[PDB]
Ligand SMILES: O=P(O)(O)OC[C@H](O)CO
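Next up: a single chain in structure tokens, the form deposited without this ligand.
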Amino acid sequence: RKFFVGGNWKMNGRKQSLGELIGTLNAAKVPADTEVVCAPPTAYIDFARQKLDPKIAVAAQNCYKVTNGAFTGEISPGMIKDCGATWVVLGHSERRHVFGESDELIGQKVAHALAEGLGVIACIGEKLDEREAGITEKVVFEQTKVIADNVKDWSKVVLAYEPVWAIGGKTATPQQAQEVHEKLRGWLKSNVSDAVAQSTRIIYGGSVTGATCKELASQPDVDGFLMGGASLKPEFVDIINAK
């Protein structure tokens, strides 16, 4: 399974600062057996794709579920491909929990994006109140099931576990990350196939730094990272070399 490092720039950066960041990424050596993807703010997908070297792929941070329509403020998978981007991040914790995107909607988006030829980074995660109630498995399995029901071919899909319970005074240990990733791969093994379980990347979307990345990456069922705003710093190059 190839190491997968996604940098989600979120709502940060301008042409000048992002152009500088891109130059540092273009200059860096991507190791063997490693896949790097960058998700700029929507206004800069096109800009980023033109400036970034082909060795780094570009992702949209969100999309909608039909090709064209009366949806002020949205973008379709067709627009994303037309700008040269090959991935879309779907179901990120901020879309679910700040912007109220339901599992039904996320499923419909997954299906449309895949049908339009995009790769999908599909995000899942449980909140603090869900974890403390002891329904971590119920939550992430129901989220993964909705994704799985809308995926025909898994070769274009990467799963990202976001420990929302620990994003913004509790920290998650590498053992707690491994435990969720293994239960998730176990779910795929039972409900899809062993081939899909074996081959699908499950990446960690919790807090990761240059000092933690190596231990996290060495976990058997952690296949990489979906990094937040820290992906804008020089630190991101250390995470690329976490193996």
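Residue numbers run from 1 along the displayed sequence.
Keep in mind that the form solved in complex with this ligand is missing from the display, and what follows is about it.
In the deposited complex, this ligand sits within 4.5 Å of a heavy atom belonging to residue 97. Proximity of residue 93 to this ligand in the deposited complex: non-hydrogen atoms within 4.5 Å are present. Residue 164 belongs to the set of residues with a heavy atom inside 4.5 Å of this ligand in the deposited complex. This ligand is not shown here, but in the deposited complex it comes within 4.5 Å of a heavy atom of residue 127. This chain is displayed without this ligand, yet in the deposited complex the stretch 97-105 from 97-105, 133-141, 169-177, 149-157 comes within 4.5 Å of it by heavy atoms.
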